[PDB]
C-alpha cells in the first residue's frame, strides 16, 4: 500500500511524487482531471469501485462521456467554479449510477499542486 489517508490536509503535496503505478497503491479512488474535465490519471482503486478499466478512460471527458450522472450543479457545477476561481477544496457524498449498480461514495475534489489539474478522490460509504 501507499499510506496516505483520504482527506489529508496536504494530500496534493504527497500525490505530486507518484507515477501511475504508485497511484494504484492508494486505499481510495483517485482521478486527475485537466481544467476541461479530461481524465489524465485514473487509479486501480477507482476502477474497483466503478467497473471502468483505467487505461480505457484516460483521455475521455469525465463529465461528458464517462460520468454523465455528475453533470449537475452538485458535482460538475462545483468543479467548474473551482477551475474558474483557481481554488477548489470540497467534500460531499454522491451516488454513482450510470451503467452500474447505484453506489454511494464520499468525494473529495481538490486542486493539484500543479497548475491546471484537479483531483477527484473517492471512497465508499
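Residue numbers count along the first chain shown, from 1.
K.L.:
Going by the average Cα B-factor in the PDB entry, point out whether 100-108 or 13-21 comes out higher.
P.N.:
Here the higher of the two C-alpha B-factor means belongs to 13-21.
K.L.:
Comparing 81-89 with 58-66, where is the mean C-alpha B-factor higher?
P.N.:
The stretch with the larger average C-alpha B-factor is 81-89.
K.L.:
Checking the record values for 29, 35, 73, 51, which has the greatest CA B factor?
P.N.:
Out of 29, 35, 73, 51, the record gives the largest C-alpha B-factor to 35.
K.L.:
Is residue 4 in the lowest, middle or highest third of its chain when residues are ranked by C-alpha B-factor?
P.N.:
For residue 4, the deposited C-alpha B-factor lands in the highest third.
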